[PDB]
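J.: So here's input_21.pdb (PDB, C-alpha atoms and all ligand atoms).
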```
ATOM      1  CA  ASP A   1      18.208  12.400 -15.273  1.00  0.00           C
ATOM      2  CA  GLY A   2      14.349  12.090 -15.142  1.00  0.00           C
ATOM      3  CA  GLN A   3      10.942  13.634 -16.131  1.00  0.00           C
ATOM      4  CA  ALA A   4       9.938  17.100 -14.890  1.00  0.00           C
ATOM      5  CA  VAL A   5       6.724  19.090 -14.549  1.00  0.00           C
ATOM      6  CA  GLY A   6       7.060  22.657 -13.297  1.00  0.00           C
ATOM      7  CA  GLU A   7       9.719  22.666 -10.563  1.00  0.00           C
ATOM      8  CA  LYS A   8       9.272  18.957  -9.712  1.00  0.00           C
ATOM      9  CA  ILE A   9      11.617  16.257 -11.065  1.00  0.00           C
ATOM     10  CA  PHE A  10      10.873  12.506 -11.027  1.00  0.00           C
ATOM     11  CA  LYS A  11      13.841  10.085 -11.212  1.00  0.00           C
ATOM     12  CA  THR A  12      14.377   6.322 -11.081  1.00  0.00           C
ATOM     13  CA  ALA A  13      17.327   3.929 -11.085  1.00  0.00           C
ATOM     14  CA  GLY A  14      15.041   0.926 -11.783  1.00  0.00           C
ATOM     15  CA  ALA A  15      15.127  -0.327  -8.158  1.00  0.00           C
ATOM     16  CA  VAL A  16      12.220  -2.614  -7.133  1.00  0.00           C
ATOM     17  CA  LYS A  17      11.454  -2.503  -3.388  1.00  0.00           C
ATOM     18  CA  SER A  18       8.792  -2.792  -0.684  1.00  0.00           C
ATOM     19  CA  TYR A  19       7.167   0.459   0.482  1.00  0.00           C
ATOM     20  CA  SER A  20       9.403   0.938   3.542  1.00  0.00           C
ATOM     21  CA  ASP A  21      12.630   0.207   1.577  1.00  0.00           C
ATOM     22  CA  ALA A  22      11.418   2.505  -1.267  1.00  0.00           C
ATOM     23  CA  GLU A  23      10.705   5.370   1.171  1.00  0.00           C
ATOM     24  CA  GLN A  24      14.191   4.963   2.688  1.00  0.00           C
ATOM     25  CA  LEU A  25      15.891   5.003  -0.753  1.00  0.00           C
ATOM     26  CA  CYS A  26      14.186   8.257  -1.766  1.00  0.00           C
ATOM     27  CA  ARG A  27      14.808   9.951   1.609  1.00  0.00           C
ATOM     28  CA  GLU A  28      18.510   8.962   1.607  1.00  0.00           C
ATOM     29  CA  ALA A  29      18.675  10.605  -1.897  1.00  0.00           C
ATOM     30  CA  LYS A  30      17.180  13.823  -0.295  1.00  0.00           C
ATOM     31  CA  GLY A  31      13.831  13.378  -2.051  1.00  0.00           C
ATOM     32  CA  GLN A  32      10.600  11.489  -1.375  1.00  0.00           C
ATOM     33  CA  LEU A  33       8.434   8.927  -3.161  1.00  0.00           C
ATOM     34  CA  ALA A  34       6.563  10.118  -6.273  1.00  0.00           C
ATOM     35  CA  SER A  35       3.592  12.240  -5.129  1.00  0.00           C
ATOM     36  CA  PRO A  36       1.685  13.327  -8.267  1.00  0.00           C
ATOM     37  CA  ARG A  37      -0.585  16.292  -7.397  1.00  0.00           C
ATOM     38  CA  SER A  38      -1.976  16.959 -10.921  1.00  0.00           C
ATOM     39  CA  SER A  39      -2.787  15.310 -14.253  1.00  0.00           C
ATOM     40  CA  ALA A  40       0.486  16.599 -15.729  1.00  0.00           C
ATOM     41  CA  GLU A  41       2.559  15.194 -12.818  1.00  0.00           C
ATOM     42  CA  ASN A  42       0.693  11.880 -13.019  1.00  0.00           C
ATOM     43  CA  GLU A  43       1.474  11.623 -16.778  1.00  0.00           C
ATOM     44  CA  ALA A  44       5.210  12.189 -16.127  1.00  0.00           C
ATOM     45  CA  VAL A  45       5.300   9.349 -13.553  1.00  0.00           C
ATOM     46  CA  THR A  46       3.261   7.166 -15.958  1.00  0.00           C
ATOM     47  CA  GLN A  47       5.800   7.637 -18.783  1.00  0.00           C
ATOM     48  CA  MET A  48       8.507   6.267 -16.469  1.00  0.00           C
ATOM     49  CA  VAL A  49       6.348   3.258 -15.439  1.00  0.00           C
ATOM     50  CA  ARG A  50       5.772   2.462 -19.148  1.00  0.00           C
ATOM     51  CA  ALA A  51       9.527   2.734 -19.903  1.00  0.00           C
ATOM     52  CA  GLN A  52      10.478   0.443 -16.972  1.00  0.00           C
ATOM     53  CA  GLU A  53       7.520  -1.955 -17.575  1.00  0.00           C
ATOM     54  CA  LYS A  54       6.857  -2.103 -13.798  1.00  0.00           C
ATOM     55  CA  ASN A  55       4.124  -0.593 -11.611  1.00  0.00           C
ATOM     56  CA  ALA A  56       5.562   2.000  -9.163  1.00  0.00           C
ATOM     57  CA  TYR A  57       4.811   3.102  -5.623  1.00  0.00           C
ATOM     58  CA  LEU A  58       3.353   6.489  -4.921  1.00  0.00           C
ATOM     59  CA  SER A  59       4.065   8.078  -1.512  1.00  0.00           C
ATOM     60  CA  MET A  60       0.466   8.220  -0.326  1.00  0.00           C
ATOM     61  CA  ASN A  61      -0.929   5.783   2.239  1.00  0.00           C
ATOM     62  CA  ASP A  62      -3.902   5.442   4.575  1.00  0.00           C
ATOM     63  CA  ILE A  63      -2.058   3.924   7.557  1.00  0.00           C
ATOM     64  CA  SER A  64      -3.269   6.822   9.879  1.00  0.00           C
ATOM     65  CA  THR A  65      -7.060   6.710   9.045  1.00  0.00           C
ATOM     66  CA  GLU A  66      -8.300   3.894   6.703  1.00  0.00           C
ATOM     67  CA  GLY A  67      -9.771   5.196   3.379  1.00  0.00           C
ATOM     68  CA  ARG A  68      -8.093   8.639   3.964  1.00  0.00           C
ATOM     69  CA  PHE A  69      -4.949   8.658   1.721  1.00  0.00           C
ATOM     70  CA  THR A  70      -2.344  11.269   2.738  1.00  0.00           C
ATOM     71  CA  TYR A  71       1.126  12.593   1.623  1.00  0.00           C
ATOM     72  CA  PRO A  72       4.255  12.431   3.879  1.00  0.00           C
ATOM     73  CA  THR A  73       3.086  15.839   5.265  1.00  0.00           C
ATOM     74  CA  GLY A  74      -0.101  14.075   6.555  1.00  0.00           C
ATOM     75  CA  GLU A  75      -2.306  16.236   4.262  1.00  0.00           C
ATOM     76  CA  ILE A  76      -5.249  14.677   2.280  1.00  0.00           C
ATOM     77  CA  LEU A  77      -5.073  14.104  -1.504  1.00  0.00           C
ATOM     78  CA  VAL A  78      -5.522  17.176  -3.778  1.00  0.00           C
ATOM     79  CA  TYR A  79      -5.655  14.890  -6.873  1.00  0.00           C
ATOM     80  CA  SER A  80      -6.459  11.214  -7.465  1.00  0.00           C
ATOM     81  CA  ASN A  81      -6.551   8.846 -10.443  1.00  0.00           C
ATOM     82  CA  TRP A  82      -7.988   5.585  -9.089  1.00  0.00           C
ATOM     83  CA  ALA A  83      -8.531   2.664 -11.478  1.00  0.00           C
ATOM     84  CA  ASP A  84     -12.170   1.615 -11.967  1.00  0.00           C
ATOM     85  CA  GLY A  85     -13.372   0.020  -8.671  1.00  0.00           C
ATOM     86  CA  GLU A  86     -10.403   1.311  -6.611  1.00  0.00           C
ATOM     87  CA  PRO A  87      -9.784   1.679  -3.802  1.00  0.00           C
ATOM     88  CA  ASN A  88     -11.667  -1.701  -3.665  1.00  0.00           C
ATOM     89  CA  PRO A  89      -5.171  -4.800   4.060  1.00  0.00           C
ATOM     90  CA  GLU A  90      -4.044  -2.491   1.249  1.00  0.00           C
ATOM     91  CA  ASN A  91      -2.569   0.680   2.829  1.00  0.00           C
ATOM     92  CA  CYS A  92      -0.212   1.734  -0.011  1.00  0.00           C
ATOM     93  CA  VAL A  93      -0.729   2.861  -3.635  1.00  0.00           C
ATOM     94  CA  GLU A  94       0.674   1.620  -6.952  1.00  0.00           C
ATOM     95  CA  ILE A  95       0.469   3.395 -10.330  1.00  0.00           C
ATOM     96  CA  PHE A  96      -0.058   1.362 -13.509  1.00  0.00           C
ATOM     97  CA  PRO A  97       1.457   2.063 -16.948  1.00  0.00           C
ATOM     98  CA  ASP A  98      -1.991   3.439 -17.988  1.00  0.00           C
ATOM     99  CA  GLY A  99      -1.607   6.017 -15.152  1.00  0.00           C
ATOM    100  CA  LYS A 100      -4.430   4.644 -12.975  1.00  0.00           C
ATOM    101  CA  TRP A 101      -3.934   3.862  -9.282  1.00  0.00           C
ATOM    102  CA  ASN A 102      -4.620   0.776  -7.161  1.00  0.00           C
ATOM    103  CA  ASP A 103      -4.278   0.340  -3.381  1.00  0.00           C
ATOM    104  CA  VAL A 104      -1.833  -2.527  -2.549  1.00  0.00           C
ATOM    105  CA  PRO A 105      -0.268  -4.216   0.480  1.00  0.00           C
ATOM    106  CA  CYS A 106       2.795  -2.191   1.571  1.00  0.00           C
ATOM    107  CA  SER A 107       4.880  -5.420   1.375  1.00  0.00           C
ATOM    108  CA  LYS A 108       4.486  -5.458  -2.452  1.00  0.00           C
ATOM    109  CA  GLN A 109       7.770  -5.003  -4.395  1.00  0.00           C
ATOM    110  CA  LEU A 110       7.378  -2.166  -6.915  1.00  0.00           C
ATOM    111  CA  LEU A 111       9.442   0.241  -9.010  1.00  0.00           C
ATOM    112  CA  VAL A 112      10.969   3.094  -6.961  1.00  0.00           C
ATOM    113  CA  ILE A 113      10.386   6.569  -8.470  1.00  0.00           C
ATOM    114  CA  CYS A 114      11.520   9.527  -6.348  1.00  0.00           C
ATOM    115  CA  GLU A 115      10.601  13.210  -6.642  1.00  0.00           C
ATOM    116  CA  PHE A 116      12.880  16.199  -6.071  1.00  0.00           C
TER     117      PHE A 116
HETATM  118 CA    CA B   1      -6.839  -2.404  -4.427  1.00  0.00          CA
END
```
What is this structure when it is put down as structure tokens?
Ligand SMILES: [Ca+2]
T.:
Amino acid sequence: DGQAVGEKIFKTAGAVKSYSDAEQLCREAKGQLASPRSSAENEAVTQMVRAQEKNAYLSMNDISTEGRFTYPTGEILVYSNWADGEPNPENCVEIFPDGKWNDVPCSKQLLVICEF
């Protein structure tokens, strides 16, 4: 089970992993890391973070061009929800239980939320 918005479904098993391990878990499940593209999608992911009491990874990263955060397609963000002062190396993105985002080191261990 999980939270859905439109045709997108977000799911978690409560796993806590580094970015690379998180990406592999979602891909092996035939999904990808949570990639909220709208307010409504962001709120669905946020509800799951609040339930699990653990910040989660989003998919987006700036490893290709610093400051330019992209999806696994390589396309630029169509939506963002950065915390005050963010983005403030921190190439990956976490989402807080208040729904705001913070760039983080990709070695950080965070909740794994996948989208389908
Ligand atoms: Ca940061």
J.: Taking only C-alpha atoms and all ligand atoms into account, which of A:95, A:51, A:29, A:44 comes nearest ligand CA 1 (chain B)?
T.: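 Comparing A:95, A:51, A:29, A:44 against ligand CA 1 (chain B), the winner is A:95.
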J.: Would you translate the PyMOL selection byres (((not hetatm)) within 12 of (chain B and resi 1)) into the concrete set of residues it matches in this file, as a PDB file with C-alpha atoms, in the coordinates of the input?
T.:
```pdb
ATOM      1  CA  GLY A  67      -9.771   5.196   3.379  1.00  0.00           C
ATOM      2  CA  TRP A  82      -7.988   5.585  -9.089  1.00  0.00           C
ATOM      3  CA  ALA A  83      -8.531   2.664 -11.478  1.00  0.00           C
ATOM      4  CA  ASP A  84     -12.170   1.615 -11.967  1.00  0.00           C
ATOM      5  CA  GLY A  85     -13.372   0.020  -8.671  1.00  0.00           C
ATOM      6  CA  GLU A  86     -10.403   1.311  -6.611  1.00  0.00           C
ATOM      7  CA  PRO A  87      -9.784   1.679  -3.802  1.00  0.00           C
ATOM      8  CA  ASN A  88     -11.667  -1.701  -3.665  1.00  0.00           C
ATOM      9  CA  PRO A  89      -5.171  -4.800   4.060  1.00  0.00           C
ATOM     10  CA  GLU A  90      -4.044  -2.491   1.249  1.00  0.00           C
ATOM     11  CA  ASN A  91      -2.569   0.680   2.829  1.00  0.00           C
ATOM     12  CA  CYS A  92      -0.212   1.734  -0.011  1.00  0.00           C
ATOM     13  CA  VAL A  93      -0.729   2.861  -3.635  1.00  0.00           C
ATOM     14  CA  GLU A  94       0.674   1.620  -6.952  1.00  0.00           C
ATOM     15  CA  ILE A  95       0.469   3.395 -10.330  1.00  0.00           C
ATOM     16  CA  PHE A  96      -0.058   1.362 -13.509  1.00  0.00           C
ATOM     17  CA  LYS A 100      -4.430   4.644 -12.975  1.00  0.00           C
ATOM     18  CA  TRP A 101      -3.934   3.862  -9.282  1.00  0.00           C
ATOM     19  CA  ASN A 102      -4.620   0.776  -7.161  1.00  0.00           C
ATOM     20  CA  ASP A 103      -4.278   0.340  -3.381  1.00  0.00           C
ATOM     21  CA  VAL A 104      -1.833  -2.527  -2.549  1.00  0.00           C
ATOM     22  CA  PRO A 105      -0.268  -4.216   0.480  1.00  0.00           C
ATOM     23  CA  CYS A 106       2.795  -2.191   1.571  1.00  0.00           C
ATOM     24  CA  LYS A 108       4.486  -5.458  -2.452  1.00  0.00           C
TER      25      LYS A 108
END
```
J.: The PyMOL selection byres (((chain A and resi 43) around 12) and not hetatm) on the file shown: which residues, as a PyMOL selection string?
T.: chain A and resi 3-5+10+34-42+44-50+81+95-100
J.: Report, in Å to a single decimal, how far apart CA of residue 74 (chain A) and CA of residue 61 (chain A) are.
T.: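 Separating CA of residue 61 (chain A) from CA of residue 74 (chain A) is a distance of 9.4 Å.
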J.: In terms of the shortest atom-to-atom distance over all atoms listed in the file, which of A:28, A:21, A:7, A:112 is closest to residue 58 (chain A)?
T.: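 Closest to residue 58 (chain A) of all the choices is A:112.
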J.: Using only C-alpha atoms, find the one residue out of A:66, A:8, A:76, A:13 that sits nearest to residue 25 (chain A).
T.: A:13
J.: Return the single residue from A:11, A:53, A:107, A:32 that is closest to residue 71 (chain A), with distances computed using all atoms listed in the file.
T.: A:32
J.: Can you work out which one of A:59, A:52, A:116, A:79 has the shortest atom-to-atom distance to residue 18 (chain A), counting all atoms listed in the file?
T.: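 Closest residue, counting all atoms listed in the file: A:59.
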J.: Please produce region 39-51 of chain A, completed to N, CA, C and O atoms, as a JSON list (two decimals), keeping the file's coordinate frame.
T.:
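After the write, out_0.json holds the following:
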```json
[["chain", "number", "residue", "atom", "x", "y", "z"],
["A", 39, "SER", "N", -2.79, 16.13, -13.02],
["A", 39, "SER", "CA", -2.79, 15.31, -14.25],
["A", 39, "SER", "C", -1.39, 15.31, -14.88],
["A", 39, "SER", "O", -0.90, 14.24, -15.29],
["A", 40, "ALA", "N", -0.81, 16.49, -15.04],
["A", 40, "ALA", "CA", 0.49, 16.60, -15.73],
["A", 40, "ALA", "C", 1.55, 15.83, -14.93],
["A", 40, "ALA", "O", 2.38, 15.13, -15.54],
["A", 41, "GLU", "N", 1.58, 15.96, -13.61],
["A", 41, "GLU", "CA", 2.56, 15.19, -12.82],
["A", 41, "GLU", "C", 2.30, 13.70, -12.96],
["A", 41, "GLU", "O", 3.25, 12.91, -13.08],
["A", 42, "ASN", "N", 1.04, 13.31, -12.92],
["A", 42, "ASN", "CA", 0.69, 11.88, -13.02],
["A", 42, "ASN", "C", 1.20, 11.33, -14.36],
["A", 42, "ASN", "O", 1.73, 10.20, -14.41],
["A", 43, "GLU", "N", 1.03, 12.08, -15.44],
["A", 43, "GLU", "CA", 1.47, 11.62, -16.78],
["A", 43, "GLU", "C", 2.99, 11.46, -16.83],
["A", 43, "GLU", "O", 3.48, 10.53, -17.49],
["A", 44, "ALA", "N", 3.74, 12.33, -16.17],
["A", 44, "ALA", "CA", 5.21, 12.19, -16.13],
["A", 44, "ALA", "C", 5.61, 10.89, -15.42],
["A", 44, "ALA", "O", 6.49, 10.16, -15.92],
["A", 45, "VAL", "N", 5.01, 10.61, -14.27],
["A", 45, "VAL", "CA", 5.30, 9.35, -13.55],
["A", 45, "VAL", "C", 4.93, 8.16, -14.45],
["A", 45, "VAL", "O", 5.68, 7.18, -14.55],
["A", 46, "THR", "N", 3.78, 8.25, -15.10],
["A", 46, "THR", "CA", 3.26, 7.17, -15.96],
["A", 46, "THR", "C", 4.24, 6.85, -17.10],
["A", 46, "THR", "O", 4.45, 5.67, -17.41],
["A", 47, "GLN", "N", 4.82, 7.88, -17.70],
["A", 47, "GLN", "CA", 5.80, 7.64, -18.78],
["A", 47, "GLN", "C", 6.95, 6.77, -18.27],
["A", 47, "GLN", "O", 7.46, 5.90, -19.00],
["A", 48, "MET", "N", 7.39, 7.02, -17.05],
["A", 48, "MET", "CA", 8.51, 6.27, -16.47],
["A", 48, "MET", "C", 8.10, 4.82, -16.17],
["A", 48, "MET", "O", 8.89, 3.90, -16.38],
["A", 49, "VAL", "N", 6.89, 4.62, -15.66],
["A", 49, "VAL", "CA", 6.35, 3.26, -15.44],
["A", 49, "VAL", "C", 6.31, 2.49, -16.77],
["A", 49, "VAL", "O", 6.67, 1.30, -16.81],
["A", 50, "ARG", "N", 5.84, 3.13, -17.83],
["A", 50, "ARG", "CA", 5.77, 2.46, -19.15],
["A", 50, "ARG", "C", 7.17, 2.09, -19.63],
["A", 50, "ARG", "O", 7.36, 1.00, -20.19],
["A", 51, "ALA", "N", 8.14, 2.99, -19.44],
["A", 51, "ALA", "CA", 9.53, 2.73, -19.90],
["A", 51, "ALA", "C", 10.09, 1.52, -19.16],
["A", 51, "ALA", "O", 10.72, 0.63, -19.78]]
```
